[PDB]
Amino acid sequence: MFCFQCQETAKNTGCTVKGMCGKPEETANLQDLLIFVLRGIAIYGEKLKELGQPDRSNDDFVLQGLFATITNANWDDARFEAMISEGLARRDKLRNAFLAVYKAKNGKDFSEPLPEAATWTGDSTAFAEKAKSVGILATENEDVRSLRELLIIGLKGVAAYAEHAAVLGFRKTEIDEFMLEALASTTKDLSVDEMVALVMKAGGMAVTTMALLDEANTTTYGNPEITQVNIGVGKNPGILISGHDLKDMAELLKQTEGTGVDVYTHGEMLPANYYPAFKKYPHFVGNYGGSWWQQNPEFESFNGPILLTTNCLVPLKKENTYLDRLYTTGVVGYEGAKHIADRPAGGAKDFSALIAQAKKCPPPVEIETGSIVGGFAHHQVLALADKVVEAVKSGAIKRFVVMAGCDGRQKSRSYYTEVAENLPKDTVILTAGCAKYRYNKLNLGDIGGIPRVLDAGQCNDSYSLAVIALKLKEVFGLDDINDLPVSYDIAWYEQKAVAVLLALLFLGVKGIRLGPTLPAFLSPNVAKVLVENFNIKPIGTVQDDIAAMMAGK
């Protein structure tokens, strides 16, 4: 196999036998074949748009297919086989439409050779062998490989956010068109300039999509507000919801109301606690545990059903007993888990089986007590802008440090905890994404009532952090966003973080520290382009990085 799309990739080079995440060769290869088929869809879809007869019938399929290949999203080879077969059928429909339109517009049959992605077909028994030759290593040149895979990795992250927006009824044609432009581009022989421009365009589309998702989440569930979230437990059986999807949360809360089953969040569902639409339910207890990588013991000790709405779901340890109460939904899949089918148009998912099972479970084992404060998304922070601006001009706040992104397993991530602990007492940490769990249970206090850790929400709520920076740029009358008293020390793991990074680069943010390592999918020459254009940096020691950040470097 070959996969290098996450921070934990083997030797920071690539997983070649079995993924460090647990992904077996067969699964890895099937994900490659799915992406191959999506490239085929894209070739015809792009051509149809160019001919003035766009077909948007595959929009959701494309988003879901990309999302299913995110790290820790889908482990079920049966699901991939089904998606690949469906993809081939969708592709062939587009092919036939294209051929007819091309002939009408040109007065002759289409005759140009196409990449194999556009033409190869087989039944499911042919997939395993074909998959071996259509993956990342099919691109021989390391710079072409790096730029194509950077694009697809960023694109998957964008697709995830676009899927959540689509679930909520929010779509933009430009996003779905760009999915096909980007995918099709990776079958073409393009210059480095063209390939880099596509990556920058993806960053701009990450801005568009993150804005759309922010609109969707806040229009539907309200603006996040300051909330104190309990991290202890009650004495009722509960259902633990993890991942990111807020519509699943809305439906789970409605369906559990009055049943005697409590609802708890986990991981990237913590920010559901911040939304007024959800705060109204008394049986929504709070948040259980930490970030995704601790889930084996935590899902175990929770005792009730666990619902994974998105990544990250990790393989069960052999000693874990929660498979029989593990539920997947959306793009998530896991062999032997129970999957909750997609909602029908105008309807709702059916969580009744989780509720019935939860009534037979003991309540959660308490693993800590206390609280986490959050809800500082853009409406909330902009409301406080006068107070923040006066604190900066008076010197009470010397600097903001953006420490958003993803958590993960590697012990080097103690860096993030130590930075939070050792930053001067006149700084404020801004966060979003599960990177927060390295420092959100500390006792860092406040500056004149502004907490020293401001949690804007999920990784997608990095959007709020960008909105806040842009607003402060205006209030302070600065010409360059980088001259704000803000430093960026971002942790990354999976592909949504790459989308966020590309958005920040598109917005012109330079000097970002990215860690705890730099992506394996940046070739030396491509890394040089990013350093030259954007001054991206690796992490150093805690002491050195704090000093440099306080100096604005």
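Definition used throughout: the rigid core is the maximal C-alpha set that superposes within 1.5 Å between two forms. In this text, residue numbers run from 1 along the sequence as written.
Stretch with larger C-alpha RMS deviation in 4 other deposited structures of this protein, core superposed, 392-400 versus 74-82: Of 392-400 and 74-82, the stretch deviating more in 4 other deposited structures of this protein is 392-400.
Positional deviation of Cα atoms in 4 other deposited structures of this protein after core superposition, greater for 297-305 or 381-389: It is 381-389 that deviates more in 4 other deposited structures of this protein.
419-427 or 149-157, whichever carries the higher mean Cα B-factor: Comparing averages over the C-alpha atoms only gives 419-427.
Stretch with the higher entry mean CA B-factor, where the candidates are 390-398 and 110-118: Of 110-118 and 390-398, the stretch with the higher C-alpha B-factor average is 390-398.
Out of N311, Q255, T321, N236, residue topping the C-alpha B-factor column of the entry: Highest CA B-factor of the listed options: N236.
Out of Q380, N482, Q410, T220, highest CA B-factor residue: Among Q380, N482, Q410, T220, the highest C-alpha B-factor in the entry belongs to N482.
Ranked against its chain, the third holding the CA B-factor of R325: It falls in the bottom third of the chain.
CA B-factor placement of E140, once the chain's modelled residues are sorted into thirds: Answer is highest: the recorded C-alpha B-factor places it there.
Third of chain Cα B-factors occupied by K496: Lowest third, going by the recorded CA B-factors of the chain.
B-factor third for the C-alpha atom of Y463 within its chain: Its C-alpha B-factor, which the entry lists for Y463, ranks in the lowest third among residues of this chain.
Relative C-alpha B-factor of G477, binned into the chain's lowest, middle or highest third: Its C-alpha B-factor, which the entry lists for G477, ranks in the highest third among residues of this chain.
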